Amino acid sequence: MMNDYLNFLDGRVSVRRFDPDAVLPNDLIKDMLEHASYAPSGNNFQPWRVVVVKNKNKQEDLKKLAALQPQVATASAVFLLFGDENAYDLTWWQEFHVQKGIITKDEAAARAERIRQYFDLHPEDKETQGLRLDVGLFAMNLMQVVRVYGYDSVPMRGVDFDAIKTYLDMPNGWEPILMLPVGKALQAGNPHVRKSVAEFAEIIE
């Protein structure tokens, strides 16, 4: 069963050939997003914002902004993952965590000052560098979750995100992180080729 889970995880590869007639229903999209959201993030700020485009005409427009990569138009839905800098809001953080019964109002106020002091020293963790890590965690989770339902994906950045935001009238404070076309594979992805563990990792005892 652990072997089944390992084989499942190993099965994620980029798929770029999707069935243009396959449908990804909104009920499953919502479930996929809910499960993806269980990804960790610094202080549980959950800075991800997602816009799912499920309309072929519009995906064709997006393909024109994505170096004409075909998967953008054949996919059942194109998930656009953004990070919101304004997500690192300490008033929201206190309210949310107290309302959910995780911590008291006093504990939340004290923790919030420590988080402020941290960001004061490490401003990048509440800017694009922070967002890229937090939304990257989310994205990897989403890529495994969509597969539970029989779908596949390909993560993408070789696209004109400035033009995409303008096309979709996106807030200027939302930083584009990744475009993720999701669909039914017509062709399996290729086997993983990677550098060995000995080439990138050191174990010290």
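Position 1 is the first residue in the sequence shown; the rest follow in order.
J.: What stretch has the higher average Cα B-factor here, 112-120 or 91-99?
T.: Result: 91-99.
J.: Take the C-alpha B-factors listed in the entry for 153-161 and for 32-40, compute each mean, and give the stretch with the larger one.
T.: According to the entry, 153-161 carries the higher average C-alpha B-factor.
J.: Which of these, 68, 178, 170, 142, has its C-alpha atom at the highest B-factor, as the entry lists it?
T.: Answer for 68, 178, 170, 142: 170, with the highest C-alpha B-factor.
J.: Within this chain's modelled residues, let me know which third the CA B factor of residue 64 belongs to: lowest, middle or highest.
T.: For residue 64, the deposited C-alpha B-factor lands in the highest third.
J.: Place residue 46 in the lowest, middle or highest third of its chain's C-alpha B-factors, as listed in the PDB entry.
T.: CA B-factor rank for residue 46: lowest third.
J.: Give the position of residue 2 by CA B-factor within its chain, expressed as the lowest, middle or highest third.
T.: Highest third - that is where residue 2 ends up once the chain's C-alpha B-factors are sorted.
J.: Taking only the Cα B-factors deposited for this chain, tell me whether residue 126 sits in the lowest, middle or highest third.
T.: Tercile = middle for this residue's CA B-factor.
J.: Compare the C-alpha B factor of residue 183 with those of the other modelled residues in its chain, then answer lowest, middle or highest third.
T.: Its C-alpha B-factor, which the entry lists for residue 183, ranks in the lowest third among residues of this chain.
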